[PDB]
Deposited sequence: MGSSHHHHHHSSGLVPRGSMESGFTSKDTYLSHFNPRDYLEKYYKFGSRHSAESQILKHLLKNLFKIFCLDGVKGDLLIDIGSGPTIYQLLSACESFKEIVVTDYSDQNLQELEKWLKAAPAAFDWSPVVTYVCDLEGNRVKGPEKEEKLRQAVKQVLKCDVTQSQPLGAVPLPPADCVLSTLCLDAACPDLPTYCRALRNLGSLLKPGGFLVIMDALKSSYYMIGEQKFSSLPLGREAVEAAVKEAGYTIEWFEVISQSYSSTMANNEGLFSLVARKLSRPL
């Protein structure tokens, strides 16, 4: 189609998985969302980083292992977490995305430049280190780069990992879940990776039915904050903290109505 519906959605109503293997360009995605001055995208990124900073450095969400689900090609969402977690596992469905991440982990000269984001977080954190040291500390924290599929009851396949203290997921489950029972199942699937009492940290868009990568359109599940809270509690978690902001992406990039952050814990049997 030609913008009539999201790519890979004509038959099913929702962007198929294969669309993320064929048409998700990580370089274009990074160029569009993480790369002029005080744009909507810039403001959203600052708010995300401030929240991750507050969750991981001021609120002391911490432990041995953190798993980042649906990382895409980005690493901004780990910069503060690596201060509180000894080991980070990064995951995405897209092999293209895993490639971009591993290039950045190798500090390949062709990889995306996160320096401005890194400097921002370092300044949030008090300027105790400069950018380079913060980047290398994250590179060292990232122990595994893995394929994942949230809709599967073992989201990482037969890949054995110790139970994690935290699962983080930014801007992923909306794009990954074609309906609210799938969403809830995905949250339950993520639960299989968590220690009892582990932390679930989700950031995503509210009421977004698509997002753009340039002229390429991808489905989003348009959930309100009540639907998100419902799904999280049904999936077996208790919510400690739940926030909404009005700031939205530019219309040329998504039709979201704000974003949410939440911190939850996996309940008892």
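Chemist: Report the unmodelled segments of the deposited sequence as residue ranges counted from 1.
Modeler: According to the record, the gaps fall at 1 to 10, 46 to 47, 282 to 283.
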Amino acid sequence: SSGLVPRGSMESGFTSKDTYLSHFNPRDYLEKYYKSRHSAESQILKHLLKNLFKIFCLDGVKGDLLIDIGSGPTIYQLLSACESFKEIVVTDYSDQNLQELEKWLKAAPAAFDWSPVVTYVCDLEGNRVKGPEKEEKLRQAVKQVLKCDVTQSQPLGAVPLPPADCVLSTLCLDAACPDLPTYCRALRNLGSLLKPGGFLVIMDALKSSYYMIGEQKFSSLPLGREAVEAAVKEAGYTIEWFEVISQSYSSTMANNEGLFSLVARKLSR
From here on, numbers count along this sequence of modelled residues.
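Rigid core (definition): largest C-alpha set, two forms, superposition within 1.5 Å.
Chemist: Which is farther from the shown form in 4 other deposited structures of this protein in C-alpha RMS with the core fitted, 219 to 227 or 56 to 64?
Modeler: With the rigid core fitted, 56 to 64 is the stretch that strays more in 4 other deposited structures of this protein.
Chemist: Of the other PDB entries compared that resolve residues on either side of residue 43, does at least a third omit it?
Modeler: No, residue 43 is modelled in every other compared entry.
Chemist: Where do the C-alpha atoms have the higher mean temperature factor in this entry, in 87 to 95 or in 125 to 133?
Modeler: Higher mean C-alpha B-factor in the PDB entry: 125 to 133.
Chemist: Looking only at CA atoms, which has the higher mean B factor in the entry: 204 to 212 or 64 to 72?
Modeler: Result of the comparison: 64 to 72.
Chemist: Which one of 103, 185, 139, 147 shows the top CA temperature factor in the record?
Modeler: Among 103, 185, 139, 147, the highest C-alpha B-factor in the entry belongs to 103.
Chemist: Please pick out which of 77, 115, 151, 192 has the largest Cα B-factor as recorded in the entry.
Modeler: Highest C-alpha B-factor among the listed residues goes to 192.
Chemist: Taking the entry's C-alpha B-factors for this chain, is residue 5 in the lowest, middle or highest third?
Modeler: According to the entry, residue 5 has a C-alpha B-factor in the chain's middle third.
Chemist: Looking at the entry's B-factor column for C-alpha atoms only, identify whether residue 42 ranks in the lowest, middle or highest third of its chain.
Modeler: For residue 42, the deposited C-alpha B-factor lands in the middle third.
Chemist: Please say which third, lowest, middle or highest, residue 50 falls into when its CA temperature factor is compared across its chain.
Modeler: As the PDB entry reports it, the C-alpha B-factor of residue 50 lands in the middle third of its chain.
Chemist: Among all modelled residues of this chain, ranked by Cα B factor, put residue 22 in the bottom, middle or top third, i.e. lowest, middle or highest.
Modeler: Highest third - that is where residue 22 ends up once the chain's C-alpha B-factors are sorted.
Chemist: Consider only the C-alpha atoms of the modelled residues in this chain, order them by B-factor as the entry records it, and name the third containing residue 59: lowest, middle or highest.
Modeler: According to the entry, residue 59 has a C-alpha B-factor in the chain's highest third.
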